[PDB]
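Quick setup: one chain, the form deposited in one PDB entry, written in structure tokens, and binding and motion questions come after.
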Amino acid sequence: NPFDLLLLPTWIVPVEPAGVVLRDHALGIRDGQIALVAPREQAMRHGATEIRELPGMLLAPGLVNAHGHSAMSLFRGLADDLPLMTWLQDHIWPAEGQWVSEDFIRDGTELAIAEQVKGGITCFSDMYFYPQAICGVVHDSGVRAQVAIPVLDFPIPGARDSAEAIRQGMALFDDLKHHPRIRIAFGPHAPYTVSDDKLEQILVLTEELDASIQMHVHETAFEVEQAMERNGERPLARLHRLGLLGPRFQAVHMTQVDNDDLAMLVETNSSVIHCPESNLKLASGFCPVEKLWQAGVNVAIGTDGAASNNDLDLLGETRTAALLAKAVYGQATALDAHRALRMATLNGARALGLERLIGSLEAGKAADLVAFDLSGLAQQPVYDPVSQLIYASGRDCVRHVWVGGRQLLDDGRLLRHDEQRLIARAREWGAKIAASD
């Protein structure tokens, strides 16, 4: 009974146990799962149909991009450096009104997946329009995904109202019930865009389905202050009041965190999705990551959409996060390199409810893997491969990617996408969108 594939990289970082880096080790894959992580000597005895040596490379769990709006890849750099509401009202919202259709979503989503896989990301979360179309693209691509159904108080592309959005959502939930790679979640945009009734409605359906909820929460001081002078109650407190908080709740951003907020996070075991670069670019503020971490809150990381980043580089986000957390907390020891990688992998898994399947290199879990090349000039000398990954390596060093043991990236080449076709298609869109803007 040989492995299907045995990988022999210079270094393996399993993430669990924390801090550990393995040398002269092997990872064996069988039937899509990690069957063994062990010394090379030991593993070579089981036999393997295929054996790949990966000298100079670091093998890790695939990255988990825990929050995105993928098809906004087509809006990448459309209008930068404007006031937030000018950006939205003069540029993003009209462009969405004119251009967002199933064709837009299909092209923009595939564009985004292609970029993410190239950057070593094996699992992502999407919160955008035409979810059914999104799922189709995710299915073909082979990556893992949470697709969150957008629910709002007003018409959006694809849904004339919240009722239709939930109906389409429910139909989606059923159709993908046994999909091995995709899970449906609910994704109400933010507390300030969704009614209490809609929130309670979402909760019932969610507990009915054991499904997750992802929402932008406390992204700005303005949202929080305004909820005060209006309702006399912090948005998170309101969500807590209505019973939406919990281990399946994903609070995105959370730049505004007081002690009541914190206690509510620790109590409900809710996840926070950290999006540092978007927070900086939009002047939203500084998520207190080390503080949340020390309290025991699960903190994952996402890129947000490519129009406020403007790349979908999770390795890059993670470095930004690891650097920023030190200055925000006031200590150089905050969010260290191993914890940063954990945030980008196992914590993402936990946020998305997938921590039994992915996020660490342990026997029994899915073979969602990324191999990073550390043999480049600018990475020398390599004293600690994980330090060098986090603080000195770019996403271009990603060489190979597997999801469920199926290879999606081979020496930097995408096996499930035609890169030049997507480029050409993205250009056709950009030409049209540029003209309308």
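Only residues modelled in both forms are compared. Residues carry their position along the shown sequence, with the first being 1. What we label the rigid core is the largest C-alpha set whose atoms superpose within 1.5 Å from one form to the other.
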| task | May I ask you to compare 342 to 350 and 153 to 161 by their mean CA B factor in the entry and name the higher one? | result | 153 to 161
| query | Would 40 to 48 or 384 to 392 have the larger average of its C-alpha temperature factors, as given in the entry? | reply | 40 to 48
| task | Between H178, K326, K118, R144, let me know which has the highest C-alpha B-factor in the entry? | result | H178
| said: Sorting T122, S360, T333, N231 by Cα temperature factor from the record, which one lands on top? | reply: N231
| Relative to the other modelled residues in the chain, which third contains the C-alpha temperature factor of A227: lowest, middle or highest? | highest
| field | Where the record places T193 (Cα B-factor, split into thirds across the chain) | value | highest
| Looking at the C-alpha B-factor of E317, is it in the lowest, middle or highest third of its chain? | lowest
| request: Would you please rank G108 by its C-alpha temperature factor against the other modelled residues of its chain and give the third it falls in: lowest, middle or highest? | output: lowest
| task | Looking at the entry's B-factor column for C-alpha atoms only, identify whether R427 ranks in the lowest, middle or highest third of its chain. | result | highest
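Not on display, but discussed next: the form deposited with a small molecule bound.
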| task | Select, from the options 145 to 153, 318 to 326, 346 to 354, 169 to 177, the stretch whose residues sit within 4.5 angstroms of the small molecule in the bound PDB entry by heavy atom distance. | result | 145 to 153
| message | So, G187 and the small molecule: in the bound PDB entry, are they within 4.5 Å at any heavy atom pair? | response | yes
| said: Is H216 part of the interface with the small molecule in the bound PDB entry - any heavy atom within 4.5 Å? | reply: yes
| said: Just checking whether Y192 would be counted as a contact of the small molecule in the bound PDB entry - the rule being heavy atoms within 4.5 angstroms. | reply: yes
| query | Though only this chain appears here, would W293 touch the small molecule in the bound PDB entry if you measure heavy atom gaps against 4.5 Å? | reply | no
| request: Consider the chain as shown here, without its partner, and state which of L245, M72, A366, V138 has a heavy atom within 4.5 Å of the small molecule in the bound PDB entry. | output: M72
| Contact residue in the bound PDB entry, chosen from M127, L312, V272, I121 - any heavy atom within 4.5 Å of the small molecule | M127
| message | Against the rigid core, a Cα displacement of 2 Å or more between this form and the one not shown applies to just one of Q331, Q226, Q89, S101. Which? | response | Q89
| note | Superposed on the core, the stretches of at least three consecutive shared residues with every Cα displaced by 2 Å or more between this form and the one not shown, in sequence order, are 82 to 91
